[PDB]
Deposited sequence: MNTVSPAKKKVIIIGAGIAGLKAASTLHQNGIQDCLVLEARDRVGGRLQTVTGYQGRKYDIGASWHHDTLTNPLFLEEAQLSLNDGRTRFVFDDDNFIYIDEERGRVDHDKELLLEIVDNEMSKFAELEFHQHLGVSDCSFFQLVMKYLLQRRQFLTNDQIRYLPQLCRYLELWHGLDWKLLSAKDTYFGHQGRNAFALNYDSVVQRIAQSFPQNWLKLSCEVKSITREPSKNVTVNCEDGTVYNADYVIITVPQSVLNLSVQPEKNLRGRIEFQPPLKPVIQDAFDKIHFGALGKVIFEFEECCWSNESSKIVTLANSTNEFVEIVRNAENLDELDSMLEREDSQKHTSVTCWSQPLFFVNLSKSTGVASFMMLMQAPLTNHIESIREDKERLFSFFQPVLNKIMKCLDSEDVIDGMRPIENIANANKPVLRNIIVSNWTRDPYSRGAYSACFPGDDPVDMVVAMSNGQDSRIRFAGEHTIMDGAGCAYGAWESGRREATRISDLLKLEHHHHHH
């Protein structure tokens, strides 16, 4: 009854629809499991109507990012502000010393560069970003001070926030990856979603439709059917659900899962072994008003470091001696690095958007509803930030004020992501464990069972534009064929 059925209203799915329609193509559908489009792009509303992208929030590689360029043109055309360039000089904070960024004697960023060049060279078998950092420290200790060896490895972990994976879980071979230029903070990714979503017939979209199985009818027909009984049949099928969800079509009923008939060709099934997903998480701390210095919009808190980490480095005879000397509990805000976006400086909002990673993410998302517990967990670093930003310890104003505020940051609310605990996202996005999936998805189960999504592309992989393009790809293809 339909031409092509798009599964998923994320930006990939939306783009595909947007394209088809842009090609006159008619009679198509977008089946979304949730009661909203946007997929991993969701803007939520907090205190006083402040808006926040709980999922994606940046246009990466603005130099080449084609989705960003389109937004840029729209803005050049109507003057509407769609994004702001928020890259800033990062501020790094260690519980003990405090600020360790742009340091006269620590010069951490410079060694971090060397560390980077080292990794480029090292490759050009693959270990963990952690192991790699350790190899470097060992291999260059002769040229590193005691303080550099202490904090450098901590500071360099900000990369855990780019992947949303701790350094012992992260692939070093994929850890470093130069970005094609500055980043632009989307002042409404929801505008992008809304703009694309309303660029095709609104009657194509069918929300709360969890597709349970895709059956191939050799007779040049495809049987799609949401688990609510309703069955559809279209010429072509573009599957845009997350890799983590798709990755369920190979296990022995779980929600979101799509039963493929016939099974997914092996090449694809193998890929799920050579590619994993990450768990980047977000916590929004909403303050009554800014009462801290807006020196920068990017702040990173370093996990605790031990002056006895040095002695071990200063001793190991090799990666085996060091490897063992290392294996020689409790999880707090200081157990890992935490990336804080000070929205006050870059968007004029008295809030902090903090990014977290696996394994911490999953745990904090677990207690998303426990505000007193959440505040208690982040209070230390929150206060450590305010001090460094010439302010006072945070007051808890989440419940009906204090009067003793005025000069003290008054927390009014906290918003936590829920991607790990959401059955339709089961994670943040494609991430590397210490590749081929791109091809497996690009080719497609067949001439009519295509794949799209941030995990189905090489350029922009794991990104909004990467997904946006993959949606136009598989689309523009099915656009010409049908056109016939």
- Message: Missing C-alpha coordinates: which residue stretches of the deposited sequence does that apply to?
- Response: 1-7, 132-136, 265-266, 343-348, 421, 456-459, 510-516
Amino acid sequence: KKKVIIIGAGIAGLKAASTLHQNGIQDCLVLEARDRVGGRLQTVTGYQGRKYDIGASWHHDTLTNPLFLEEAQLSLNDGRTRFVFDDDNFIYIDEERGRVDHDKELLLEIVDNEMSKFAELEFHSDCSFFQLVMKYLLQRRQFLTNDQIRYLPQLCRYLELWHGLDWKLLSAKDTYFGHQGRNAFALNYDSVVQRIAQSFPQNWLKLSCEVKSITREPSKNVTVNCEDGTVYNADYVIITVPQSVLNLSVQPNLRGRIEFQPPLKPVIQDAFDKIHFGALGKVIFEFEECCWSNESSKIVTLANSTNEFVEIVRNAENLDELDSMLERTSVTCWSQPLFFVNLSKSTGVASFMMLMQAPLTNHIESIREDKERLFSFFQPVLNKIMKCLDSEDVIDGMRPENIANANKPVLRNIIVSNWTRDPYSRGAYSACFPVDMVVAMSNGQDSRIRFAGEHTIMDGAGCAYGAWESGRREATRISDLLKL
From here on, numbers count along this sequence of modelled residues.
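Just so we're on the same page, rigid core means the largest C-alpha set that superposes within 1.5 Å between forms.
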- Judged by RMS Cα deviation after a rigid core fit in 9 other deposited structures of this protein, the more variable of 96-104 and 270-278 is 270-278
- Superposing the other structures by the rigid core, the farther-displaced stretch by RMS over CA atoms in 9 other deposited structures of this protein, of 85-93 and 315-323, is 315-323
- Query: Where the other entries model residues on both sides, is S344 skipped in at least a third?
  - Reply: no
- When the other entries of this protein are compared, is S244 unmodelled in at least a third of them? no
- Query: Which has the higher mean CA temperature factor in the PDB entry, 263-271 or 378-386?
  - Reply: 263-271
- Identify the stretch, either 175-183 or 354-362, whose C-alpha atoms have the larger mean B-factor according to the entry. 175-183
- Of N315, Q243, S305, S296, which one's C-alpha B factor is largest in the deposited record? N315
- Per the deposited B-factor column, the C-alpha that peaks among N405, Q154, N77, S191 belongs to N405
- Task: Quick one: classify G281 as lowest, middle or highest third of the chain based on its Cα B-factor.
- Result: lowest
- Could you look up the Cα B-factor of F123 in the entry and say which third of the chain it sits in: lowest, middle or highest? highest
- Classify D87 as lowest, middle or highest third according to the C-alpha B-factor given in the PDB entry, relative to its own chain. lowest
- Sorting the chain's modelled residues by C-alpha B-factor, tell me whether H60 ends up in the lowest, middle or highest third. lowest
- Message: Could you place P400 in the lowest, middle or highest third of its chain by Cα temperature factor, using the values in the record?
- Response: highest
